[PDB]
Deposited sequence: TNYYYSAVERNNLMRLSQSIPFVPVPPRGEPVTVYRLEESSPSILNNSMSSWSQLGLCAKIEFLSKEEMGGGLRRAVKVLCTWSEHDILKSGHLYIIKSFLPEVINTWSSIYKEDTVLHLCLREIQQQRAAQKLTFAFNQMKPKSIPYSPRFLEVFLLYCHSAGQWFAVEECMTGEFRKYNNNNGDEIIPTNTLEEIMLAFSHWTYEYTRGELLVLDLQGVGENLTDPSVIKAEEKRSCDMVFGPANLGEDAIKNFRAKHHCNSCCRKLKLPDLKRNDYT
C-alpha cells in the first residue's frame, strides 16, 4: 500500500511555491461608536450612555454624490461584531463647516452626538407611543438607530444610519406646517407629533416627520423652554386633528392652557 498518483501529486505540489495573488483593499478603514441604553428591552425607561470603546469597521465609498449638512451613501463591507450590517447600505451624514463656525468649539463631534441623541429621544417617544397605543391603530412609526462614526483617512466624525430605499415623503416640518393626510399611514404619523406634545405635557414636540412609510428619519425634537416657542405655536395653530387624534383621545391643540 502506497500513495496514489493523486496523492503523490498533491503533496509534491505543496513542496513548491504555489501562486499567491491577494485581491487589493476593497474599501476605507473606519471606527464607530454607539449610544448604549441601560435596558433596551424598555427603551423609554432607560438611560442613554455613550460607548467608550470603538469598533473597527470598513466601508466602501460608493458614490461621489453629497446630497443636502449633506450625506453620502457608502457600503459596509465588514463590521466589528456586526454593529453595522456587513452587506447593506448606509448613509453618512455631516454638517457644514459654517453651521459649525456658528459655535461651542470642536463643534463637529458634538453636533453629531447631539443629533444621534435627538434621534434617540424621538425613538424613546416612538417606543412609548407604540407601547401604549390602542390596537385599533395598525401602523407603528419607527426610527432607525444612528451611530457615531469616525473616518481616519478623511479624519472626521459622521453620524451613520441604515439607509432606506422606497417612497420617501415629508409628513410635516419644524415650521408647524403639516400635510393633509390621505391614507391612514399618513394620519397616524401626523397624530404622533400631536401625541408627543400631550404625553410630554407640552415639554416636547417631535416635528420634521419624514421617511418611507413607517420608517422615519431626521426628525426634530422641540422643547418649549426660532423653534422652541415659535414652531411649537405655529404647529398648534396649523395642526388639524384627525381620525387618530380622536382614537388617541387627544384634546384640541389650538386652545387655552388654563381651563
Q: Would you mind checking the deposited sequence against the model and listing the stretches with no C-alpha coordinates?
A: 1-2, 71-73, 109-112, 235-246
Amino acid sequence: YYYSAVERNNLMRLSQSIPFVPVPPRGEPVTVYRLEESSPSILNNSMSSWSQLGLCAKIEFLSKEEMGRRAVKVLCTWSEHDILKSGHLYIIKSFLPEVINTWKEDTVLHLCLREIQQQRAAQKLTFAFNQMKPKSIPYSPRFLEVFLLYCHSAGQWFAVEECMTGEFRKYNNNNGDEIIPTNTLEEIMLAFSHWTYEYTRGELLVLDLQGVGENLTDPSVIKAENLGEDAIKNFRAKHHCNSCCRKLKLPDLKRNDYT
From here on, numbers count along this sequence of modelled residues.
Q.
I need to verify one thing: averaged over C-alpha atoms only, is the B-factor higher for 156-164 or for 130-138?
A. 130-138
(Q) Per the record, averaged over C-alpha atoms, which has the higher B-factor: 71-79 or 115-123? (A) 71-79
Q) According to the deposited entry, which of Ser49, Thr200, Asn234, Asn45 has the largest Cα B-factor? A) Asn45
(Q) Among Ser220, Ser193, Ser63, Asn215, where is the Cα B factor highest in this entry? (A) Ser63
Q) Taking the C-alpha B-factors as the PDB entry records them, is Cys245 in the lowest, middle or highest third of its chain? A) highest
Q) Against its chain's modelled residues, does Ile18's Cα B factor rank lowest, middle or highest third? A) middle
Q. Once the chain's modelled residues are ordered by C-alpha B factor and cut into thirds, is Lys104 in the lowest, middle or highest one?
A. highest
Q.
What third of the chain does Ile59 rank in for C-alpha temperature factor, lowest, middle or highest?
A. middle
Q) In terms of the CA temperature factor given in the entry, to which third of its chain does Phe95 belong: lowest, middle or highest? A) highest
